[PDB]
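What follows is a set of notes on a single structure, which appears directly below.
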Amino acid sequence: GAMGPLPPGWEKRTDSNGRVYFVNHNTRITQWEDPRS
């Protein structure tokens, strides 16, 4: 994670679709963004 992708212990990946996506699985969360706060 770090000051980069998957900040809050997140499963993020950057495929050449070349976009940054975020898969956070608490209940049901799916968005392509750093969740910072």
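Chain labels A, B, ... are given in the sequence in which chains occur in the structure tokens; within each chain residues are numbered consecutively from 1, and ligands are likewise numbered from 1 in the order shown.
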
List as a list in words the protein and nucleic acid residues near residue A:33, meaning an atom at most 8 Å away when only C-alpha atoms are counted, but skip any in the same chain fewer than 3 places from it.
residues 20, 21 and 22 of chain A

I'd like the neighbourhood of residue A:36 as a VMD selection string, where a residue qualifies if any of its atoms comes within 10 Å (using only C-alpha atoms), though same-chain residues fewer than 5 positions away should be ignored.
chain A and resid 3 to 8

Which residues in chain A does DSSP call strand (DSSP E or B)? List them as a PyMOL selection string.
chain A and resi 11-15+19-24+29-31

Please measure the separation of atom CA of residue A:30 and atom CA of residue A:13, giving the value in Å to one decimal.
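Going from atom CA of residue A:30 over to atom CA of residue A:13, I get 12.4 Å.
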
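In this model, the gap between atom CA of residue A:23 and atom CA of residue A:11 comes to 5.3 Å.
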
To one decimal place, how far is atom CA of residue A:29 from atom CA of residue A:12 in Å?
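One can read the atom CA of residue A:29 to atom CA of residue A:12 distance as 12.2 Å.
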
For residue A:9, find every residue with an atom within 10 Å (counting only C-alpha atoms), except residues of its own chain fewer than 6 positions away, and show them as a count of residues only.
4
